[PDB]
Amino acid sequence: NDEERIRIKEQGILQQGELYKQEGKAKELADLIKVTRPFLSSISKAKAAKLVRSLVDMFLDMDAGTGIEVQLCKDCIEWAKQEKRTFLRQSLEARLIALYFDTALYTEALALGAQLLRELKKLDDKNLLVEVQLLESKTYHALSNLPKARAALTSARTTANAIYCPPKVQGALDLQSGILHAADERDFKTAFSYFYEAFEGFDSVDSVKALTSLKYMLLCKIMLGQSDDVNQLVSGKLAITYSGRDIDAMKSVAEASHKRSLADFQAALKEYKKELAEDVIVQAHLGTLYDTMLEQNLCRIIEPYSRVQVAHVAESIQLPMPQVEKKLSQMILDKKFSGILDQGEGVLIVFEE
């Protein structure tokens, strides 16, 4: 009757905490976290850790205000130190690092990350270490430090090479690798591969990250000038399933590429604002995607001519003439176009390629 009534209390605490979460009662849930503390000592350190972790997670999905969220985390941490519950403290610190990242609180995510890593590296069971090295990578990347983002991910992968990681950890690792090979726009081909691995590992387990990975497969293909592969990849028995605005956006960008049309590229970006410019990773690449679309559309217009007025080219792409003349001279200077400009009579001569 006593091992049982302790079990029923566990259920009850979680049920009520879950209810406070759904009804949006943050303060009530904060109090429940404090009030349950003595009860936690009549159960194993591990049962208690599950329980505390579960409530704190509930608290952090409530939009309570970064300030109140970070303070609640520090309090449970400080409590965990004051109780010598080590594994629990460490994993509450890991959660808080995740919170700092999510909240754009980057330098404190690093500061806390550095502390925790010193401990975690001097211990067995490396699963948590992977998590923290991956967060370190994610946060260096957000701070625009690719060397240190790559180096943190390398550590994560090497640590994960030892363990047999669950698919969501593997997926997330394959997703960062993809993000980082693509970040400097130097290796979209291997980035594509990592995204494909990520997609395969996430599929039927986490369908939001599966969708993200597929999306980035398509992005890579586009960036590679291989945008005609996009229809085949989408058509595939498994991809079909993932229909929606995200895939429609990439398909629409792929079409713009195919038609070498800046106007269609612009119509995509603003029809699919949420799926394109608001995707931190697509956004990172739209600048150079724009250049390529501009260039390809200009090639399309020039193609029928051995000699063409710049005014004609500018009217066709519906852009002011100085911009178009500037683009053309740059394309010629960087050997992207085999031709020459008569700047005074406004003519571009095109060489027999």
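We number the residues from 1 along the sequence you see.
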Taking the recorded C-alpha temperature factors, which stretch has the higher mean, 307 to 315 or 46 to 54?
46 to 54
Out of 257 to 265 and 109 to 117, which stretch has the higher average CA B-factor listed in the record?
109 to 117
Based on the PDB entry, the highest CA temperature factor among the options 249, 77, 172, 180 is that of 77
Could you check 163, 198, 224, 218 and tell me which one carries the biggest Cα B-factor in the deposited entry?
163
Based on the deposited C-alpha B factors for this chain, I'd like to know if residue 91 is in the lowest, middle or highest third.
middle
Among the modelled residues of its chain, does the C-alpha B-factor of residue 320 lie in the lowest, middle or highest third?
middle
How does the C-alpha B factor of residue 290 compare with the rest of the chain: lowest, middle or highest third?
lowest
Report the third (lowest, middle or highest) to which the CA temperature factor of residue 176 belongs, ranking only the modelled residues of the same chain.
lowest
Considering every modelled residue of the chain and its Cα B-factor in the PDB entry, is residue 211 in the lowest, middle or highest third?
lowest
